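Chains as they are written, first to last, in the numbering used here: chain V, 293 to 324; chain E, 17 to 26; chain S, 21 to 198. We put the CB at the ideal spot given by N, CA and C, even for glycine.
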Amino acid sequence: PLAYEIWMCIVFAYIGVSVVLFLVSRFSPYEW
Amino acid sequence: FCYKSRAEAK
Amino acid sequence: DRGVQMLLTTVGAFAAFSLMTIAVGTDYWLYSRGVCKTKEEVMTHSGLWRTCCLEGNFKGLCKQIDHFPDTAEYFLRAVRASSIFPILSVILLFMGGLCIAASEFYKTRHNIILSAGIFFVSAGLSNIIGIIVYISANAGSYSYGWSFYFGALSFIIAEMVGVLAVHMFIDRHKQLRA
Ligand SMILES: CCCCCCCCCCCCCCCC(=O)O
Ligand SMILES: CCCCCCCCCCCCCCCC(=O)O
């Protein structure tokens, strides 16, 4: 149903979203 | 984070 | 261990920077079918900047890809022409490496490690927008070559090194408050 490049970029997007959510959620010392 | 940082000056 | 963490972070940065620079300079992004040198269609190599003729009478002969052979389409054509997204990824990776370097000397600042993390993560996002733009503009058989996959591996490594940097900064500030 979806092309190969869509699947590839879904994996990339998954990695990116996970990393950014980790950063924005647990970098500020003012919440530790 | 920058805002809360500058506040820590208090 | 701090030591192993720092070494792994540093090695990671160099690998990512080198891979993305190789990819953005080499020409094996899309193995397709086209013309080696315009004033007979054969396999072509292609890259971000120039296309090359493999398997052709004029093997090895390469010509600058003709970006710009509907402002919306003009914008995509411009972004793909001046590959700002891929090149910006290289720049951000370089800046991040400088920060990780300046962690060793001029230490105790604790905010340069966070800066390295932000740069590495941002480099990954720029890389991915670059891939999407490239894949979309190359739609106007085929196969992706090893320079494309070098670009992808740069993205993954950059994200991993970004996690390491943020984690190291967290550990620093935790030790300070311990
Ligand atoms: C995170 C969601 C899970 C999705 C992971 C699916 C990975 C699929 C990778 C591409 C394989 C399918 C595309 C065809 C490739 C081909 O033609 O050889
Ligand atoms: C949740 C993460 C899942 C990750 C899944 C990745 C599995 C790899 C599959 C490889 C298929 C690649 C297809 C090659 C396409 C081509 O010929 O260019």
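> On the three-pair Cβ rule with 8 angstroms, is the stretch 109-129 of chain S touching the stretch 82-101 of chain S?
Replying inline: no
>> From the DSSP secondary-structure annotation, give me the bridge partner or partners of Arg70 (chain S).
In response: As a first step, residue 70 (chain S) is located in the third sequence; it is residue number 50 there, counting from the start. DSSP output for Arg70 (chain S) lists S:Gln84 as bridge partner(s).
> In chain order, what residues place their C-beta within less than 6 angstroms of a heavy atom belonging to ligand 1?
Replying inline: V:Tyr296, V:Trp299, V:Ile302, V:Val303 and V:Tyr306
> At a cut-off of 8 angstroms, is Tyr164 (chain S) close to ligand 2 when judged by its beta-carbon and the heavy atoms of the ligand?
Replying inline: As a working mapping, residue 164 (chain S) is identified with position 144 in the third sequence. At least one heavy atom of ligand 2 is nearer than 8 angstroms to the Cβ of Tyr164 (chain S), so yes.
>> Considering only their Cβ atoms, is the gap separating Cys301 (chain V) from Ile152 (chain S) smaller than 9 angstroms?
In response: Your numbering for residue 152 (chain S) matches position 132 in the third sequence. Your numbering for residue 301 (chain V) matches position 9 in the first sequence. Result yes, Cβ atoms of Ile152 (chain S) and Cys301 (chain V) sit closer than 9 angstroms.
> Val183 (chain S) touches chain V at which residues, Cβ-Cβ below 7 angstroms?
Replying inline: Here residue 183 (chain S) is taken as the residue at index 163 of the third sequence, counted from 1. Here the neighbours are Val311 and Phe314.
> Is there contact here, the stretch 68-84 of chain S with the stretch 302-316 of chain V, by at least three beta-carbon pairs under 8 angstroms?
Replying inline: no
>> Spatial neighbours of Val55 (chain S) within its chain, please: C-beta separation below 7 angstroms, excluding the five flanking residues on both sides.
In response: Taking the third sequence and counting its residues from 1, one reaches residue 55 (chain S) at position 35. Cβ within range, chain order: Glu61.
> If you drop the 5 nearest sequence neighbours on each side, which residues of the same chain put their C-beta closer than 7 angstroms to that of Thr58 (chain S)?
Replying inline: Locating residue 58 (chain S) in the third sequence gives position 38, where the first residue counts as 1. Answer for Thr58 (chain S): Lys83, listed in chain order.
>> So for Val55 (chain S), helix, strand or coil by DSSP?
In response: Start at 1 with the first residue of the third sequence, and residue 55 (chain S) comes out as number 35. Reduced to three states, the DSSP call for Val55 (chain S) is coil.
> Taking the alpha-carbon positions, what's the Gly137 (chain S) to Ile148 (chain S) distance?
Replying inline: As a first step, residue 137 (chain S) must be located in the third sequence, where it is residue number 117. As a first step, residue 148 (chain S) must be located in the third sequence, where it is residue number 128. Straight-line Cα distance between these residues: approximately 17 angstroms.
>> Let me confirm a value: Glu124 (chain S) is counted as buried when at least 16 other C-beta atoms fall within 10 Å, else exposed. Which label applies?
In response: Position 104 of the third sequence, counted from the start, is the residue given in the question as residue 124 (chain S). Looking at its Cβ environment, which holds fewer than 16 other Cβ atoms inside 10 Å, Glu124 (chain S) is exposed.
> Cβ of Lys26 (chain E) less than 9 angstroms from any chain V Cβ?
Replying inline: As a working mapping, residue 26 (chain E) is identified with position 10 in the second sequence. No, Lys26 (chain E) does not count as interfacial toward chain V.
>> Measuring only the C-alpha atoms, how far is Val110 (chain S) from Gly45 (chain S)?
In response: The count along the third sequence starts at 1 and reaches residue 110 (chain S) at position 90. The count along the third sequence starts at 1 and reaches residue 45 (chain S) at position 25. Between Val110 (chain S) and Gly45 (chain S), the C-alpha separation is close to 11 angstroms.
>> Cutting at 8 angstroms between CB atoms, please list the residues of its own chain near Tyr164 (chain S), excluding the five before and the five after it.
In response: Translated into the one-based positions of the third sequence, residue 164 (chain S) becomes position 144. Answer for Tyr164 (chain S): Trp49, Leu50 and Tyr51, listed in chain order.
>> At the level of alpha carbons, what is the spacing between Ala198 (chain S) and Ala25 (chain E)?
In response: Here residue 198 (chain S) is taken as the residue at index 178 of the third sequence, counted from 1. Here residue 25 (chain E) is taken as the residue at index 9 of the second sequence, counted from 1. Each residue's alpha carbon lies about 21 angstroms from the other.
> Which residue from S:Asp21, S:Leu134, S:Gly67 and S:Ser156 puts its Cα closest to that of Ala92 (chain S)?
Replying inline: In the third sequence, counting from the first residue as 1, residue 92 (chain S) sits at position 72. Measuring from the Cα of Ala92 (chain S), the nearest candidate turns out to be S:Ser156.
>> Taking DSSP's pairing of strands, which residues face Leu50 (chain S) in a bridge?
In response: Working through the third sequence from its first residue, we reach residue 50 (chain S) at position 30. Residue pairing from DSSP places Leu50 (chain S) in a beta bridge opposite S:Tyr164.
>> At the level of alpha carbons, what is the spacing between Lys127 (chain S) and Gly23 (chain S)?
In response: As a position in the third sequence, residue 127 (chain S) is number 107, starting the count at 1. As a position in the third sequence, residue 23 (chain S) is number 3, starting the count at 1. When rounded, the distance between both Cα atoms is 15 angstroms.
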